[PDB]
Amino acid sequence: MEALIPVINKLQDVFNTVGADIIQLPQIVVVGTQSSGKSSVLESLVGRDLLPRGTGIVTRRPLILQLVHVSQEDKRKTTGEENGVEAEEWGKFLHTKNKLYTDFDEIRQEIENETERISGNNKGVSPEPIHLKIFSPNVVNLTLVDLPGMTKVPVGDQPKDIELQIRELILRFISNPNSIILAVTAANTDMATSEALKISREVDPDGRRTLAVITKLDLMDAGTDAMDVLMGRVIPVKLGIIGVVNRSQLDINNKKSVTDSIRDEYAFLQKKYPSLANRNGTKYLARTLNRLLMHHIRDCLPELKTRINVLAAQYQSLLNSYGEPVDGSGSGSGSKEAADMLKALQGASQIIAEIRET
């Protein structure tokens, strides 16, 4: 069976700067607040540190994190220059193309060196996603689209006007009918007022395409647990409620391994939620997400294939509606967009066509 996650992965890369919203690609979108621990969720799935936290302040553009599983025998010569130790894990950024990152702290640096910046226009929000492939024998095949974290308070209850732009960005990504919403909220807070769930009901009134992750189960008050939320008694999300306890900042600084953290996570779930421990934790989360993404992709595959063809026809006609000049130094802004789109649509259709097995 041809794995379909690598296929959409390539489709995501194809519509990198030419606009992917109109394609409506099947993908998981991570929506969370700034203090929800959603960045810890990503790293728990990765297996080690990757994302720049907020020593002072956090990220300002989407990160398409593509975890690609490999055999432990599948390795890479360490670069940039000198030898000879061989790497078991490596990363690739789309903007740097075939450059190889063996030092995972250099990957973090590149994310920093690529997030925000006084580039282009307006202020610090770019809906331009960063594309990152992580090759590892410790990850399951999984792709997540990480969006900038919201404020834990409503937008009106904080001073910065740029928070509106963050809310717009998130809505832009999750209004995609074929997008699965991964809403990350800490048990540390009051669930029925979570900004993550609030903004998710605006595009998905029902819980029909939203999955809720409950983090920081070990930080709840005295004499209080997350039994009702984890039993599915309060939060109106339909793809399931999954509770985890990731590494804290203390643990990261104390260099606690993710293997040791999932061990303690496991012990915690067994202790406090014995009747539910089997359907919670990082290991359960990673693989439910893998299967759900696989099932969701092939459901959308037929309708996605024709949409690329239909779009190509509409774009072709749009250029016939356009006219001149076809010549030399200037295309103009709009006609070049249609031309570049058709090129991407061509590359997209080719990728789909290469899917074998009748």
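Numbering starts at 1 and follows the sequence shown.
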property: Residue range whose averaged C-alpha B-factor is higher in the record, 98 to 106 or 166 to 174; result: 98 to 106
property: Between 64 to 72 and 31 to 39 (mean CA B-factor, as deposited), the higher; result: 31 to 39
property: Top Cα B factor in the deposited entry, candidates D264, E128, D206, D251; result: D206
property: Options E88, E116, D146, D218 - largest CA temperature factor per the record; result: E116
property: Modelled-residue ranking by C-alpha temperature factor, third containing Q270; result: highest
property: Chain thirds of CA B-factor: placement of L51; result: middle
property: Chain-wide C-alpha B factor ranking for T224, given as lowest, middle or highest third; result: highest
property: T282 - which third its CA temperature factor falls in, relative to the rest of the chain; result: lowest
property: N138, C-alpha B-factor rank within chain (lowest, middle or highest third); result: lowest
